[PDB]
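Scroll down for the structure; my scribbles are underneath it.
We use all heavy atoms of the structure for the numbers below, so side chains are in, but hydrogens, waters and symmetry mates are not. Chain naming here is simple, since letters A, B, ... match the order of the sequence lines and numbering starts at 1 in each.
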Amino acid sequence: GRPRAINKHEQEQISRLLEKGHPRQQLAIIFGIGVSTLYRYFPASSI
DNA sequence: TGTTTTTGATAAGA
DNA sequence: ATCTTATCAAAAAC
């Protein structure tokens, strides 16, 4: 199968950053993954 | 060349 | 312009 873009570690962190107000576009770029992926891992309707 | 799993563009959104 | 969501083709792995 294909590996995940972010490990469970990165998920807790990104989750945090997102709650702290970091723009998904910025996080995408930095972690080198796609904005759509972030919206999947963390629905807007969940922050 | 083949399956699986997850990625990421993308279109649509009373 | 923005933001979000689910879809779906295919990249990534083996």
Check nucleotides 4-7 of chain C against the protein and report each pair of N or O atoms closer than 3.5 Å, with its distance, or say if there are none.
unit_1 : atom_1 : unit_2  : atom_2 : d
C:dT4  : OP2    : A:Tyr39 : OH     : 2.9
C:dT5  : OP1    : A:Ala44 : N      : 3.3
C:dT5  : OP1    : A:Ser45 : N      : 3.1
C:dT5  : OP1    : A:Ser45 : OG     : 2.6
C:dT5  : OP2    : A:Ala44 : N      : 2.8

Tabulated below should be each protein N or O lying under 3.5 Å from an N or O of nucleotides 10-14 of chain C; please produce it.
unit_1 : atom_1 : unit_2 : atom_2 : d
C:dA11 : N3     : A:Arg2 : NH1    : 3.2
C:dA13 : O4'    : A:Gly1 : O      : 2.9

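In this entry the distance linking CZ of A:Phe31 with P of B:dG8 reads 13 Å, nearest Å. For the pair A:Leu27 CG and C:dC3 P, the computed distance is 13 Å after rounding to whole Å. Between the P atom of B:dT5 and the CZ atom of A:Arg4 lies a distance of 11 Å, rounded to the nearest Å.
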- Query: Under a cut-off of 3.5 Å for both distances of each Watson-Crick or G-U pair, what dot-bracket string does DNA chain C give, using [ ] for crossing pairs and | for inter-strand pairs?
  - Reply: ..||||||||||||

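Between the A:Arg40 side chain and the A:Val35 main chain, no donor and acceptor come within less than 3.5 Å of each other.
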- Task: Give the C-alpha distance, both sets of side-chain angles, the deciding distance and a yes or no for side chain to side chain contact (heavy atoms under 4.5 Å, CB included) between A:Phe31 and A:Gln13.
- Result: CA-CA 11 Å; A:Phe31 287 86; A:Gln13 154 173 40; 4.1 Å; yes

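Between A:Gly34 and A:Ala28 the shortest heavy-atom distance is C-CB, 4.2 Å.
The distance from the OH atom of A:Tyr39 to the OG atom of A:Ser46 is 11.5 Å, given to the nearest 0.5 Å. Atom CD1 in A:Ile33 sits 4.0 Å away from atom CG in A:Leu38 (nearest 0.5 Å). Going from atom OG of A:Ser36 over to atom CZ of A:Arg24 covers 11.5 Å, rounded to the nearest 0.5 Å. Taken from CZ in A:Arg4 to OH in A:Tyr41, the straight-line distance is 4.0 Å, to the nearest 0.5 Å.
At B:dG8, one or more side-chain N or O atoms of A:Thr37 fall inside 4.0 Å of OP1 or OP2 (strictly under the cut-off).
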